[PDB]
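Structural overview for review
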Amino acid sequence: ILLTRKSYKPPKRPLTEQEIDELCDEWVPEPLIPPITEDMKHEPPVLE
Amino acid sequence: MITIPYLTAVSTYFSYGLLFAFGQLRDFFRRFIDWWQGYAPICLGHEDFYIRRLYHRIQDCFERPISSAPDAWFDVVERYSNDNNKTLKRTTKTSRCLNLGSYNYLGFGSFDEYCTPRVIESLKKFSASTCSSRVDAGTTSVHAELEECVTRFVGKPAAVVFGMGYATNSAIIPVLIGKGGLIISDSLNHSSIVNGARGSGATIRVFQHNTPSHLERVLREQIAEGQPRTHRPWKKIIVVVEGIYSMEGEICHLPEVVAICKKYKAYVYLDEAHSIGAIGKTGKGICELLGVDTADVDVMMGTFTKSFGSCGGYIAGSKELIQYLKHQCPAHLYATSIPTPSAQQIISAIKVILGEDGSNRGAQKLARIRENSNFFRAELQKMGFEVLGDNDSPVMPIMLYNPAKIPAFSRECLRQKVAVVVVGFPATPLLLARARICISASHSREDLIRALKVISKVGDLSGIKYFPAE
Amino acid sequence: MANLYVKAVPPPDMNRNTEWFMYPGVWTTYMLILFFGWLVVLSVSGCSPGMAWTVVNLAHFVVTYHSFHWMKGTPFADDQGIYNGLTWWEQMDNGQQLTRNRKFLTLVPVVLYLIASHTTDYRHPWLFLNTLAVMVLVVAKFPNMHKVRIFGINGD
Ligand SMILES: CCCCCCCCCCCCC/C=C/[C@@H](O)[C@H](CO)NC(=O)CCCCCCCCCCCCCCCCCCCCCCC
């Protein structure tokens, strides 16, 4: 039974409710859209 | 990494188990006799078991007091017990043995006629040392002239010199790295390096001694897994290696280590304690012997105790690293400056080595330190001993493997007027007990010839010729 | 008179206490000490092989239990008592479970008890004891019995 088992590391100790608060504060999101330029804003003709 | 005869790996464990068994038995009859001022004991019962049950049995192979300069020949004082071997006391009788356990490689720990006259003159003009630190009143002129000789010698732009070679590693590593960093050290690193890493908050891993294919596999995992619990990025990575790994006698594989540290953008911390006056055609260390550009390593630590015959340490690097350390290193701010006659004797030794003393005996030392080591090491291998290290190293440990051969190989040699050094279990791994032989440039050929026949005759009795002779 | 050279590799393990148990030659000595005690018992007092195996299995109980599962800490002061709440069994392999060297140490008290029973014709005078000893040994070495005590006796 034993001579066939697999070596495993002992389970880890889960994160605390205080540590998570820090990680949620260091994280920073990128801007929603890339910054605009001047070649990026040409208007098309308006016809009748 | 060490070839061990199988039949000797078995009579060593048996020898240690017998000591363990008799020690536990004897300590069990002391705990029941203590029946015959309220504070807790200075030391528990069982934290110094191998200090009182293994070290006290052979305590006469250590701490031998000498009464002469650390030269090729010195005088060893004799000690008796007088109370059944509990407290050794020194007599007036002396001996005259062959020095093979010191460290003066270039033969500077003596009275030579270019350095001692200058140091004595720099004494009676400066009185030992200043009582202030270096940022207040302890920066004499000699302290400013010496930090130029070291920069010229080592090769890097700037250098700082301290007053202890052990504080040069515990008071600096905290500055460069902190919490969130990583330190992939080598297995066989000095105690100062590990204590310095502990004094900060950094994490320490260990890669296999002197093999880079294992250094790569550790960096890959550690950069692919981040911090151990909250998988942030590693803020830094520093790799610490040594020039010559003493007590193994091997030169490091520096070109194959720097190349892998560049790839993963890790830093390199060199440690030229044993290899700063010994190896190299000019004495510039491993970075000259192995032909590696000195600007690929970020920090280079050294020590003047072994080659230059004077206490101290140094760190060399980019001109902003030195400016940062001179402003935020506790050892530089709070500690008394290195004494003045102990700095003049480094200046006047680097002048001899570089050949700026007028004479030319700065190359005779560098050649005779090599033609002696290559002879001694070659002769020991031909007789069948097991000696480690390469061909270009002043140290050559001889393996013994048996705890009982440590007091047998040393007591005989001392009786035949040869002094050596032996290292036991609590300091080393269990299976690897050895003797360390240090060869200097002040030994003559007549001395090595005479000392080899004393060793060859002692090695028959103990039977430490594990390899076959011819 | 010397052959069979082996090129031992240094496993890091960074712990003087439990790194010597990886070099070549440990298992052979482990067994040769047991086979040496067996012969020395039935020489100082002539007896039956079965009893002598029983005395070997009983002496191997106290020595192994007191060393691997009772004592806590290390006898080296260099690590500033970092392992004060752990026993020699728990320090092994940095807490890694079911390794090559743990299974060998688990397998010995069983096979040694089989020999001390199969040559003593079971009975009850010795069977009762040997069973208690091997049971204590095997329970103490269970993976689930990691850093857990019994009623807080020698636990903190
Ligand atoms: C006469 C031949 C032997 C007689 C009896 C010898 C038994 C002694 C072996 C006990 C091994 C102890 C393992 C861990 C002990 C720890 O608790 C203490 C403190 O923490 N660590 C230390 O003192 C330092 C750690 C390493 C020191 C071990 C030195 C002994 C080396 C021998 C190990 C390999 C040979 C034996 C393998 C295991 C022996 C198992 C006991 C066999 C039972 C014998 C009774 C018949």
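Conventions used here
Residues numbered from 1 in each chain as written, not as in the entry; some residues may be left out. Chains lettered and ligands numbered in written order. Part of a larger assembly, values for the part shown. Heavy atoms only, no water. UniProt positions renumbered as here; feature names shortened; annotations may be inferred. Salt bridge = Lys/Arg side-chain N within 4 Å of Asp/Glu carboxyl O. Buried < 20%, exposed > 50% of the residue type's maximum accessible area, 1.4 Å probe, protein only. Core = buried A, V, L, I, M, F, W, Y, C linked by side-chain atoms within 4.5 Å. Helix = DSSP H or I, 4+ residues; strand = E, 2+ residues; numbered from the N terminus. Contact = heavy atoms within 4.5 Å. Buried area = accessible area lost by both parts, 1.4 Å probe. Polar contact = N/O pair within 3.5 Å; in protein donor to acceptor, adjacent residues only side chain to side chain. Nonpolar A, V, L, I, M, F, W, Y, C, P; charged D, E, K, R; others polar. Pairing = 2+ DSSP bridges. Axes fitted to C-alpha atoms, helices over the stretch in contact; angles between N-to-C directions.

Per the PDB record, this model was obtained through cryo-EM at a reported resolution of 3.2 Å.

Per the PDB entry, chain C is named ORMDL family protein, and its organism is Arabidopsis thaliana. The title given to this PDB entry is "Cryo-EM structure of the dimeric atSPT-ORM1 complex". Under Subcellular location (unreviewed entry), UniProt gives the following word-for-word description of chain C: "Membrane".

The PDB entry lists chain A under the name Long chain base biosynthesis protein 1, with Arabidopsis thaliana as the source organism.

**As for the pattern of salt bridges**
Taken as a whole and judged by the stated rule, the model has 21 salt bridges over all chains. Measuring nitrogen to oxygen at the nearest pair gives 3.9 Å for the salt bridge that ties A:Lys41 to A:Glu38. Note on accessibility: A:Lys41 and A:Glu38 belong to one class, exposed. One network of salt bridges, in which partners are shared, links B:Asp27, B:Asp48, B:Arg52 and B:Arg53.

**Some details on the nonpolar core**
Of all hydrophobic cores here, the largest spans 65 residues; its most connected members are B:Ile4, B:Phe376, B:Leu380, B:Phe409, B:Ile437 and C:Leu105. Considering every element that reaches this core, the biggest residue donor is helix α16 (residues 445–462) of chain B, with six residues. Excluding its chain neighbours within four sequence positions, the residues that come into contact with B:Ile4 are B:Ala9, B:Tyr401, B:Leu431, C:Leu4, C:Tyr5, C:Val6, C:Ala8 and C:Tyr23. Ranked by size, the runner-up nonpolar core spans 57 residues in total, among them B:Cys115, B:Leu146, B:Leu219 and B:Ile369.

**Remarks on the UniProt feature "transmembrane region" (unreviewed entry) in chain C**
Residue and element names in this part refer to chain C. Sequence positions flagged by UniProt for "transmembrane region" (unreviewed entry) are, in local numbering, residues 20–41 and 126–143. Split by type, residues 20–41 is 73% helix and 0% strand. Its first and last C-alpha atoms lie 29 Å apart. A helix fraction of 78% and a strand fraction of 0% characterise residues 126–143, whose end C-alpha atoms lie 29 Å from each other.

**Examining the interface of chain B and chain C**
Taken residue by residue, the interface counts 29 residues in chain B and 28 residues in chain C. Buried area between chain B and chain C, summed over both chains or domains, comes out near 2,600 Å², and the portion from carbon and sulfur atoms is 63%. Looking at the side of chain B facing chain C, the largest losses of area belong to B:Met1, B:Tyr6 and B:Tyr13, adding up to 23% of the total buried there. Seen at the junction of chain B and chain C, the total is zero salt bridges. Inspection of the region where chain B meets chain C yields nine residue pairs in polar contact. Mapped onto the side of chain B that touches chain C, the elements with two or more residues apiece are β1 (2–5) and α1 (6–28) of chain B. A class-by-class count of the residues in the side of chain B that touches chain C yields 21 nonpolar, five polar and three charged. The pairing of β1(B) with strand β1 (residues 5–8) of chain C spans four bridges and is classified as antiparallel. By the bridge assignment for β1(C), B:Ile4 is matched with C:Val6.

**Side note on the sheet that holds strand β17 (residues 421–423) of chain B**
Residue and element names in this part refer to chain B. With antiparallel pairing, three strands are arranged side by side in an open sheet as β15-β18-β17. Two strands in the sheet have a free side with no partner beyond their single neighbour: β15 (395–399) and β17. Taken over all neighbouring pairs, the strand axes of this sheet differ in orientation by 30° on average, direction set aside. In this sheet, strand β18 (residues 434–438) lies alongside β17 in antiparallel orientation, the contact comprising three bridges. Of the residues in β18, the one forming a bridge with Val-421 is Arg-436.

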